[PDB]
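*Asks:* Experimental structure below, sequence on top.
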Amino acid sequence: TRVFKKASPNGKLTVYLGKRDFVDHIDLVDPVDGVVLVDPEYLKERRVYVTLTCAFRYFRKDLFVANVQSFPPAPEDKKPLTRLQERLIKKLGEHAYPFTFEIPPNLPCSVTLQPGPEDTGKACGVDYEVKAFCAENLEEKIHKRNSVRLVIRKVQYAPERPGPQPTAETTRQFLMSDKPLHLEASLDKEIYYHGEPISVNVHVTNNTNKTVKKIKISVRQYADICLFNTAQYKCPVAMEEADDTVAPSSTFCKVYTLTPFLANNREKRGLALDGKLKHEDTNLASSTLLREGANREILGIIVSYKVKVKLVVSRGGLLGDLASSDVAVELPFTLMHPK
Amino acid sequence: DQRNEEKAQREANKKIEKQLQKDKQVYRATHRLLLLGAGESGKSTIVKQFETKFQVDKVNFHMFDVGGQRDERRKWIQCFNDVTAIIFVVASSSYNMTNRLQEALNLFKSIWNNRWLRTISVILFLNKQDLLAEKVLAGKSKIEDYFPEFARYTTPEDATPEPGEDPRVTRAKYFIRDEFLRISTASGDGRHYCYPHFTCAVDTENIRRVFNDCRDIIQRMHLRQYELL
Amino acid sequence: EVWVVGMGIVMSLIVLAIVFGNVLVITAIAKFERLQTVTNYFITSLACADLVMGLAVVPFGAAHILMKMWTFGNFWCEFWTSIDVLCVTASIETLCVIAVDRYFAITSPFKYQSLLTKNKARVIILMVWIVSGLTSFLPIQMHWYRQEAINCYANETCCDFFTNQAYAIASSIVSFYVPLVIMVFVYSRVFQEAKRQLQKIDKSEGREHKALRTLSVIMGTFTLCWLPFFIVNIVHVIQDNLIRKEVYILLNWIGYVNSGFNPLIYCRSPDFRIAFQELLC
Amino acid sequence: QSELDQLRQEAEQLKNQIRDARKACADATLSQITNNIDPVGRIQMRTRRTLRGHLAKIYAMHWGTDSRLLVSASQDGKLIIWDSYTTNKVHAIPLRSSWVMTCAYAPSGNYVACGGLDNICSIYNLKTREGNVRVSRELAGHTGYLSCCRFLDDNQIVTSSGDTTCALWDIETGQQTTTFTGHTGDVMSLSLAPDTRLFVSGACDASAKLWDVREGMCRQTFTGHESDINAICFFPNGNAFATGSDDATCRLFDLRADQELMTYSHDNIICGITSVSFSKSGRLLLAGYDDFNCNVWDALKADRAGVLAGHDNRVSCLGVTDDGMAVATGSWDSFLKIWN
Amino acid sequence: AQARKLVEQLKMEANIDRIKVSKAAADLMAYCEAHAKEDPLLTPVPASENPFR
Ligand SMILES: COC(=O)N[C@H](C(=O)N[C@@H](Cc1ccccc1)[C@@H](O)CN(Cc1ccc(-c2ccccn2)cc1)NC(=O)[C@@H](NC(=O)OC)C(C)(C)C)C(C)(C)C
Ligand SMILES: Cc1ccccc1CC(C)(C)NC[C@H](O)c1ccc(O)c2c1OCC(=O)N2
């Protein structure tokens, strides 16, 4: 139960809503259902309209805004009284007039970019506001007192599909991969939960005619974020070193465990985070489902993850050594909360 | 008796094998083609100048118009991957309208990004260039504002010294071609490429152009196979 | 001393390497049906040519070097020399054939598929192999290749390659220099075509680099392996007292390594490599 | 808008009734009835015959009722009737249209049909007068490309199309006697029944629909998939059928219960399904895949009895002899593999 | 008018007399395991008389 009421100022126009964590599993989303309570003792505007906005920030380059008129019955729609609303009408009394926002797939998950120190006054990212107002006209400026917002979030959880085992292999490169020299790095699964370590196994052969130095396992965050046109970002999440022991004709088969955690990437600028209601200490950003794997078209924030395996050669002379002599592979994965 | 039956069956096997080796010999020398479009996009004179067998420079080609193209194009895409090219017609005078140019771009992206078509190179053909010139000469419609992406792609530095042109027309043509070029370079497979080309109602030259582009496709596939590229 | 034992291990390593590489590529070809291709026929012929030598030439030559007293006999000396010449000539000529096949696949793209079919490929391979046979086993086994060695050939211990000038020149130009010229022209043409294609790509979708890094492996490993040997042959045949037997043998052996390298040169493609990895277990 | 809203309300009510009927069959699942059955012996079928006679890729095939002669259609314009015993050819038929997506073998072994993008379901008369097999009576065709066609008998045939409508033909007159409409997207495949009186058809609408060939009433719609249904084959008892989907699922439905019995997956497979078939008892529910492999699923354990290999491309067809003696796999590599 | 045909289609399937899944599954499993001592796809090589090998 425990409906979340806001009690808009001047003692008027209280609004009630259910869960504030609306879920988008893969596609489709719970409608934003609830009841707004408006006492009809003034009727100065004779029109109360509640809106939902997907505004983007750091102002307010909005994404999708919808409006609902509710003081009149609005006979065009016949949305059934929800399971919460059936009792909410009885609880609130006579003046309980319902509202519902059925949102199609329009905007991505509410992911807030990490503010910088001395560079934070408000939230910066994607969020929903759900404003409510009582105005006779359509777009007059209400503000003042009888205007109420309620930050709600859309989040995605782990699907019931572990997925295949990510694999990759590189074989040759400039004046570095020459005699047989291949990497057979793989992964365990595709779905991981936050705070749980991820393990990677290596199968380098080093049949080459030149030695190779220590590897460097790292985790990348491919945060495809932009509003005006498009852009792309890539910032580190976690990394680990290794040992300088690989000799020619030696198949190293070490395994490494990396735990992506937020205790260290506190000062990283541009590191995406999960939705913050009010400047709270949240977790790392969860990877989103990229347009149900069928469209690959976006209009907001995309967060994706991929590990990297780098190998050093430590070239030793003038025989065409000083060039691009690094071999690397990338393995994607989806890091999500479970439910 | 049973040995006689087996001998007769073997003779039949040999006869069909020979009659099928002949078919293989004639089939390997013929390269398939996909003639595409967007309905009234302008695949009208190209299909004649749904089998369209024609041989140019002693090598035979045949394009297969899809027919109707109701919906769910990927249903019949799965068969047209043994072809060598996809002659995909584009309307280039439908900038104003629906936004048929935008729909053509979307369907081109769909054709490009199919997994079963992620090897087959598509050849473009921006038709109604004469109609495009007629539309842009008066410019009652905004040149490209209906496609508001035109805000910085003014001079791609690609010279177009063609006589009897107009600078606005050339800028619009460059934008329209780049509209598909961006989608082409978005996927760097390295096996399938793009061949944006200009056409007209009176072309009288694509019989050579499709041949040259098919030759380039074959050479590029062979070069990719041999690691020379 | 240590020189003999040091050579005894490296010769064994090189013979096992070449044999294993060639047999691995032959089994990779034989296993998967998808590995049967018109150019894969030439690759298989080259693998067989470079493989037969691995078991029937390299061990016997290593035995001769380790103990320079050919006890196998005066007839098996001749037979071993014959198969030596046959295997190396077949390897070089099959390199030339694969090169000219890749040249036809670029200069004549619309004609390649119906010009080089299975029957034509088999005829070409048989014709190359029979040419190699006609200059390796007819002369050596019928003694058209021959003063200082008159006593040696009569002496049933020494198997020293004393070829007369006529056979030396004929075998050199037949086996190496003519295929070298053909392959040079072929790869000049394909390099020009690759440059033109790169220029077209740069002109159209632009918003030496790659041809060199493959042309070098394909046209320079074979050169650095064989060309010094096949020029020292002319040097030691035209005028004596120029090169010595030991240096002659060293150049021969550094030429022997291309037949073990060439599975890696001509089979580092993902389509065959998938099958190769499938053979791991 | 009153009529549309009323129609939507009645549609919602009917959907509620349908889901109530489907969920009322909850006395068990196939997990209480999963025990007391011995796990199937590890099925590693070995390729007995490799039919290598085709030039282009292969789409469909159908074993004759004699369990000997199997037909196969290619995009090289060839429709070859093989002899599975002696791996030879019996008849190779040139096609008027190069592209074909279906073929069939008559129950009496007298006719063979085909069809593809040409909107034409050509019927061939094998028992000719004195010579090569002739095109008997090219059926008029629908408004969309034909996807699958199977024989009711020598005189009646039922065809599927991408025009969202399947139809039951009449070869004697060449004109449709009845047409089955009601789908949303393109119909991908159909499958007849042992009683040869009902047939279903899975379409792009991700909904397998049972059809009655008497008057054409879609008696029950067997929805439950998230991706388009690629192939369907009836259970040998004429009482169930498994539908493959692009979502890597092979859900089995029951006509009497009218809901899903299983969903087949392995949490590793990501490719979709291309073809489905059953053994004689239906215990070895077969399934091709887009990843060049075929997995043999038990009809009760949902755990694969074995995995197939060979074809280095999508295995676009799958069949089992009427006697169940062996299965045949075809793919896009122009090679037909017979798995005993 | 499409919904008018959809309601007619759903009406035909709205009068079904379906059976519970317990009886259906029991009948399916029992029947199709009873007539299962023929399948040579399972229980491979019934005898030397395997026609393909
Ligand atoms: C997949 O790699 C190979 O198969 N390459 C090996 C390889 O090239 N290994 C050596 C060089 C070599 C070549 C021929 C005989 C013996 C040794 C490499 O350790 C040195 N090489 C350095 C190198 C540079 C030039 C040359 C060269 C110069 C003149 C004529 C021929 N080759 C040879 C070796 N390194 C390179 O990284 C590049 N090699 C190369 O040829 O670079 C253009 C690659 C990569 C492009 C192959 C072998 C053919 C030998 C197996
Ligand atoms: C027997 C011995 C003694 C010392 C050192 C080496 C050897 C072994 C030999 C010389 C037989 N290898 C043959 C050599 O690979 C070779 C290859 C291709 C050719 O066309 C020729 C050729 O020999 C010269 C020639 O006239 N033509």
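*Replies:* Perfect, I can see it now. Numbering: from 1, shown residues only, chains lettered A, B, ... in the order given. Ligands and ions are numbered 1, 2, ... in the order given.

*Asks:* what about the strands in chain E?
*Replies:* Chain-ordered strands for chain E, with DSSP state E as the definition, do not occur.

*Asks:* And for chain B?
*Replies:* Residue ranges of the strands in chain B, as given by DSSP E, are B:30-36, B:54-56, B:59-65, B:86-91, B:122-127, B:194-195.

*Asks:* Which stretch among those approaches residue D:212 most closely?
*Replies:* When these are ranked by distance to residue D:212, counting by CB to CB, first place goes to strand B:59-65 at 36.7 Å. Quick note: C-beta positions are derived from backbone N, CA and C, even for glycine.

*Asks:* Include distance to chain E and mean neighbour count when you put the strands of chain B into JSON lines, please.
*Replies:* Output for those, formatted as JSON lines (distance: least, CB to the nearest CB, whole Å; neighbours: other CB atoms under 10 Å in any protein chain shown):
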{"stretch": "strand B:30-36", "distance to chain E": "30", "mean neighbour count": "20"}
{"stretch": "strand B:54-56", "distance to chain E": "43", "mean neighbour count": "12"}
{"stretch": "strand B:59-65", "distance to chain E": "30", "mean neighbour count": "19"}
{"stretch": "strand B:86-91", "distance to chain E": "30", "mean neighbour count": "25"}
{"stretch": "strand B:122-127", "distance to chain E": "35", "mean neighbour count": "24"}
{"stretch": "strand B:194-195", "distance to chain E": "40", "mean neighbour count": "21"}
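
*Asks:* And the helices in chain E?
*Replies:* Taking DSSP state H as the criterion, chain E carries its helices at E:2-12, E:21-34.

*Asks:* Throw the ones you listed into TSV and include mean neighbour count and distance to chain D, thanks.
*Replies:* Shown next, in TSV, are the helices of chain E (neighbours: other CB atoms under 10 Å in any protein chain shown; distance: least, CB to the nearest CB, whole Å):
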stretch	mean neighbour count	distance to chain D
helix E:2-12	14	4
helix E:21-34	18	4
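
*Asks:* Which secondary structure state is assigned to residue D:201?
*Replies:* On the three-state scheme (DSSP: H, G, I helix; E, B strand; the rest coil), residue D:201 is labelled strand.

*Asks:* what comes into contact with stretch C:77-90?
*Replies:* The set of residues that contact stretch C:77-90 without belonging to it, under CB atoms under 8 Å, 6 or more residues apart in numbering or on different chains, is C:45, C:49-50, C:52-53, C:56-57, C:60-61, C:70, C:72, C:128-129, C:132-133, C:135-137, C:140-141, C:159, C:161, C:171, C:174-175, C:255, C:259.

*Asks:* go on, stretch C:132-146?
*Replies:* Contact with stretch C:132-146 is made by C:49, C:78-79, C:81-87, C:89-90, C:93, C:162-164, C:167, C:170-171, C:174-175, as judged by CB under 8 Å, 6+ apart.

*Asks:* What about those, which are in strands?
*Replies:* Among the contacts of stretch C:132-146, no member is found in strands (DSSP E).

*Asks:* Quick check: PyMOL command selecting the buried ones in those residues.
*Replies:* Selecting only the buried entries of the contacts of stretch C:132-146 in PyMOL, with 16 or more other CB atoms under 10 Å in any protein chain shown as the criterion:
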select buried, chain C and resi 49+78+79+81+82+83+84+85+86+87+89+90+93+163+167+170+171+174+175
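
*Asks:* Now residue C:222. Nearest residue, chain neighbours left out?
*Replies:* Residue nearest to residue C:222 in three dimensions, not counting chain neighbours: residue C:258, with 5.2 Å by CB to CB, 6 or more residues apart in numbering or on different chains.

*Asks:* ok, that neighbour - contacts?
*Replies:* For residue C:258, the contacting residues are C:91, C:221-222, C:225-226, by CB under 8 Å, 6+ apart.

*Asks:* redo that, cut-off 10 Å
*Replies:* Shown in contact with residue C:258 (CB atoms under 10 Å, 6 or more residues apart in numbering or on different chains): C:18, C:50, C:88, C:91-92, C:95, C:221-226, C:265.

*Asks:* Just give the nearest non-adjacent residue to the residue of the stretch 151-300 of chain A found nearest chain B, would you?
*Replies:* With CB to the nearest CB, the shortest gap between the stretch 151-300 of chain A and chain B falls at residue A:296, namely 7.5 Å. Closest residue in space to residue A:296, ignoring its immediate chain neighbours: residue A:290 at 6.1 Å, by CB to CB, 6+ apart.

*Asks:* The one you found touches residue A:298, doesn't it?
*Replies:* Yes. Applying CB atoms under 10 Å as the test, residue A:290 and residue A:298 come out as touching, 7.6 Å apart.
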